[PDB]
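Next up: the same protein chain in two forms, each one alone, written as structure tokens (structure 1, then structure 2).
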Structure 1
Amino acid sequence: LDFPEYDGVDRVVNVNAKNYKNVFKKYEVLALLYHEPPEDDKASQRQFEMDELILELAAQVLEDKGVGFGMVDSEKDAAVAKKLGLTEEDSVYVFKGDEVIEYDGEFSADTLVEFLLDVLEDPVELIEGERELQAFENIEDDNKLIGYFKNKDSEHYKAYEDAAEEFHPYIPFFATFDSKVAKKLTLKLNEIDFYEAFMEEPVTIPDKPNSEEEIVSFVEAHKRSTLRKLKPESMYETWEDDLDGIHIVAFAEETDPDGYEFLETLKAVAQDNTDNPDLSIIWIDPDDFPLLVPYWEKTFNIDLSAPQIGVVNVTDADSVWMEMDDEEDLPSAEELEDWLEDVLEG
């Protein structure tokens, strides 16, 4: 009645020109680890075996749900990788229907399975009644969309659902057919509002009713939020998406009163500067990455039991941190704005 342990059945194989058509046929959803060939030393061999074991456990856990896992060698299987669109080494590409979803997060069985379980869900969630509306409003650490349509047979709803599939499961798409919900949201019929992460005010997609292409192009242009949360499921995607080799990194434990107070200041600063295309802040809650906390404290020379904020230069592997005597020496929004300005324009 406990966590599953690998049962030794070989379910994850190398996916190559000989078998790839049969593997895609065997599984309704197929997730492919695109990897460089392991080096020949024993350490690199062991790590490769341990990585495969992670996939084996996930494949066992999800067998009855139509999910399969495979591995594609970027050298041996280069031709198949190209035909399938596998280009970023160490990414897992998830094939659902007509979509190819890139996973670029923690390589662990639990996080992988949680992601696949999100992939298997439908790309549009409905909102009806006050409690469901409250659930929608509680979402803030993701970009989200909500649109008001006549009903599920509306061509405009179907275009919205088709657009949701492009960003699944990263950007939740919500829909309502309830005119009372739409009024509380100030959504006119066939209007779509995009709520950037951590923002209070939405941006309405122009020129409604909107086609799939109009929604997709809009979401792609607003995909990067001023403030974004580092999450295990997407940690490497976020970290690799630096702006001119610079991240602003804020550490704050949401549940701690001092972390909450600092996070509220951070949100206020992001909201007041949300249209500055050069501002990108990563919020890391230490409680989400316990195994990295000592490493971050050593690397950055900071105490993560208190809120911290700094500028990390990925190009030069260097960083500077705002000097805060303790948890009670937090900057005002204005002081935080000014400190970022001083370090960046410099």
Structure 2
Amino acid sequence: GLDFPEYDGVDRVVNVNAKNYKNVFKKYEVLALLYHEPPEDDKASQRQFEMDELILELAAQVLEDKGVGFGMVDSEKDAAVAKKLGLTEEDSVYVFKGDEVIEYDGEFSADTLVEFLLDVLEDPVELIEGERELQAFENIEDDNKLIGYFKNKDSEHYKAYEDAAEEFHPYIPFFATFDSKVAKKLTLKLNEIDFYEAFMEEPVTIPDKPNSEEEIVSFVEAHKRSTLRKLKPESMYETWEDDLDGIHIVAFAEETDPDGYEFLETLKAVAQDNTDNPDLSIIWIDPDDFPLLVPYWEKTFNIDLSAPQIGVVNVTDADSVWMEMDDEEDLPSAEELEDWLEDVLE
């Protein structure tokens, strides 16, 4: 029978240098550039560099037909190109779509990169027309989302909303509808924009509508750090490095597992009860999203990720404390969680 697709071994990652970098940007709508330090001469360093190149090669093969290019910029050999393009963070990926530039800070894998770039290709604002499109919108809960009601696609207040959407694309989805019926179900006046914090039932409306590009961006910046945030591969590093006071409240819960789903519903509740605390942000990690880190997590934290967990992690040395839970008795409720949090921090 016909075989599944496979990596064909063809090289597609452009070696970007001073003479071709201008042609490359014109060739591709979306361009992903790995800004890297010159590979050390030792064996292991040469292998690490090799792994990262092939990951780009595999991604380039997948996204060749959709017009996504992949390039490498050497921090010394191509230093002038780094200067003209603004590549500062060493050993990191930059994504270019038309004008805007995205400083990728997520997992460096073929799966995650292709997913992220496919989201990048999409327009910054997604429209909602039928009730099924609204019902899909109302079901999002692991991303902060915005919804606005505007008269037409040509409205001046919509372009400001769209321009603001470009500042957070694709991490934070921006939705808009021109159907008053959908707007009525959401209690959205004309040109009003609602911000739904992740895992929160009731939204927050942006004051002083209509809103300009700057008013929207300022609002999102002040509200993007949700009280409960999910560790997603597209942004795991940005999220983890955003520690409040040198520690993270980490909770492991497998959504598909019954014990994991129940424990998550408790977390959502604790977050809803304490959503106004400006210093509280809990990281939810679904171990199913990071299969390669599970053994490392069980080893470092001395926990069994087959059962739900919650703890405090020192981001400096990975020192940790974890709430103990009985495998026979029922899982702790919001009351027990709120009390366990207050004690370990006091």
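The term rigid core refers to the maximal set of C-alpha atoms that superpose within 1.5 Å between the two forms. Structure 1 provides the reference sequence; residues are numbered from 1 along it.
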| item | value |
| --- | --- |
| Residue from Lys76, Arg224, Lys180, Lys152 whose Cα, after superposing the rigid core, lies 2 Å or more away between the two structures | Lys76 |
| Is_shifted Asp287 between the two structures (CA, 2 Å cut-off, rigid core) | no |
| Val61 C-alpha relocation of at least 2 Å between the two structures, rigid core basis | yes |
| C-alpha of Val29 off by 2 Å or more between the two structures on rigid core | yes |
| Between the two structures, how far the Cα of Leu120 shifts once the core is aligned, in Å | 1.2 |
| Angstrom displacement of the CA atom of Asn16 between the two structures, core fixed | 5.4 |
| Backbone CA shift between the two structures, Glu88, after core fitting (angstrom) | 3.0 |
